[PDB]
Amino acid sequence: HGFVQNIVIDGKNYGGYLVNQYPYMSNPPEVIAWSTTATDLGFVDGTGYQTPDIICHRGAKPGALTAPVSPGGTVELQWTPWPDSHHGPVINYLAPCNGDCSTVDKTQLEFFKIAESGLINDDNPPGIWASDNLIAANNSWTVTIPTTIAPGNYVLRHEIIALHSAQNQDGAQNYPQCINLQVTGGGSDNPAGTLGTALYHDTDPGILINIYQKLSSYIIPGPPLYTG
Ligand SMILES: *[C@@H]1O[C@H](CO)[C@@H](O)[C@H](O)[C@H]1NC(C)=O
Ligand SMILES: O=C(CO)CO
Ligand SMILES: [Cl-]
Ligand SMILES: [Cl-]
Ligand SMILES: [Cu+2]
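The rules we used
For every chain, the first residue of the written sequence is numbered 1 and the count continues from 1 onward along that sequence, whatever numbering the entry uses; residues with no coordinates are hidden. Starting at A for chains and at 1 for ligands, labels are handed out in the order in which the entities are written. For the side-chain quantities, the full set of heavy atoms in the structure was used; hydrogens and water were omitted. A 2.8 Å cut-off from the metal defines N, O and S donors, relaxed to 3.2 Å for Na, K and Ca; water is not in the atom list, so some sites may appear incomplete. Going along the chain from the N terminus, every DSSP run of H or I of four or more residues is numbered as a helix, and every run of E of two or more is numbered as a strand. Here's how the labels work: a residue is buried when its accessible area is under 20% of the maximum for its type, exposed when over 50%, partly exposed in between, all with a 1.4 Å probe on protein chains only. The criterion for a residue being near a molecule or strand is simple. One of its heavy atoms has to lie within 4 Å of it. N or O atoms within 3.5 Å of each other form a polar contact, as long as, within protein, one can give a hydrogen and the other can take it, and as long as residues adjacent in sequence are counted only when both atoms are side-chain atoms. To measure how exposed things are, a 1.4 Å probe is used in the Shrake-Rupley method; for residues, cover is taken only from the protein chains shown. UniProt positions are given in the numbering used here, feature names are shortened, and annotations may be inferred rather than shown by experiment. Contacts were defined at the residue level, with two residues in contact if any of their heavy atoms lie within 4.5 Å.

J.: How should the coordination of the copper ion (ligand 5) be read in this particular structure?
T.: Metal coordination angles have textbook ideals: 109.5 degrees for a tetrahedral set of four donors and 90 or 180 degrees for an octahedral set of six. Distances from the copper ion (ligand 5) to its protein donors, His-1 (N), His-1 (ND1) and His-86 (NE2), fall at 1.9 to 2.2 Å. Here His-1, found in the segment before β1 (4–9), pairs with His-86, found in the loop between β4 (74–79) and β5 (90–96); they are 85 residues apart in sequence, far enough to count as distant. By relative accessible area, which is 36% here, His-1 ends up partly exposed.

And the structure:
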């Protein structure tokens, strides 16, 4: 359980969608982060992978604001403290807005994977995962926006999948957090995109999995990494 509380770009903080404060207001502020209804700080499980909730979390609506990123620039997402028990991959996707991200129909977004990290070491099962790397970085993740993609407005969909209950059907816990970016630079690629509702299925080999046994490999879920 947790959420993204802050985003660092170009030497400043963009405040996140503080899901334990803003939902409790009739007049919340404008941010780059999407609003959600996930006030339990929880997850979308396999029962929701083909509902709109998987796209940018439960009841999500676009952020009003969009943050500019320098060409090949970094986006640092700062989480609430991630529990060590919640072992799993950290995955990052972009989808183009083809206009202002604030007015997009989330159900039409087509995501391409720009980064993935999974099982890092398995010397002592359940081992050390991308989520443990995030904890070791003081609950921060660094995303480099590719230089080879077409610039424009994009949704960044940044996600932890916790696997501590993933040996039973619909036990994996997805934690997607979306923010609006203005990608800048000289790139041209328009990568093949996947609908949010086709990213994951509740029987995928990296989703329905017992992490407590020795693993020889881990197949990171979702469509193939874009490498440009
Ligand atoms: C994170 O930073 C704090 C100090 O602000 C430090 O005490 C702590 O050990 C750091 N955590 C890790 C895992 O490096
Ligand atoms: O999430 C869990 C308890 O915190 C296990 O399913
Ligand atoms: Cl609730
Ligand atoms: Cl922690
Ligand atoms: Cu949790």
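So that's the structure; there's more coming.
J.: Which parts of the structure should I look at to understand the site of ligand 2?
T.: Around ligand 2, a shell composed of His-164, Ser-165 and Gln-173 is seen. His-164 is positioned with one of its side-chain polar atoms (N or O) 3.1 Å from an oxygen atom of ligand 2. Between ligand 2 and the protein, one listed contact pairs an oxygen atom with a side-chain N or O atom of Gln-173 at 3.1 Å. When the free accessible area of ligand 2 is taken as 220 Å², the share hidden by the protein chains comes to 47%.

J.: Got a minute to help me understand the UniProt feature "binding site: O2" in the chain in this structure?
T.: Within this numbering scheme, the UniProt entry marks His-164 and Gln-173 as carrying the feature "binding site: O2". When you line up the elements, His-164 lands in the loop between β10 (152–162) and β11 (173–183). Not counting residues within four places of it along the chain, the set of residues in contact with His-164 comprises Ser-85, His-86, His-87, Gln-173, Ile-211 and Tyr-212. Residue position: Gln-173 is located in strand β11. Residue classification places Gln-173 among the buried positions, given a relative accessible area of 9%. Discounting residues that sit within four places of it in the chain, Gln-173 has contacts with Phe-43, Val-44, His-86, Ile-160, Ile-161, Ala-162 and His-164.

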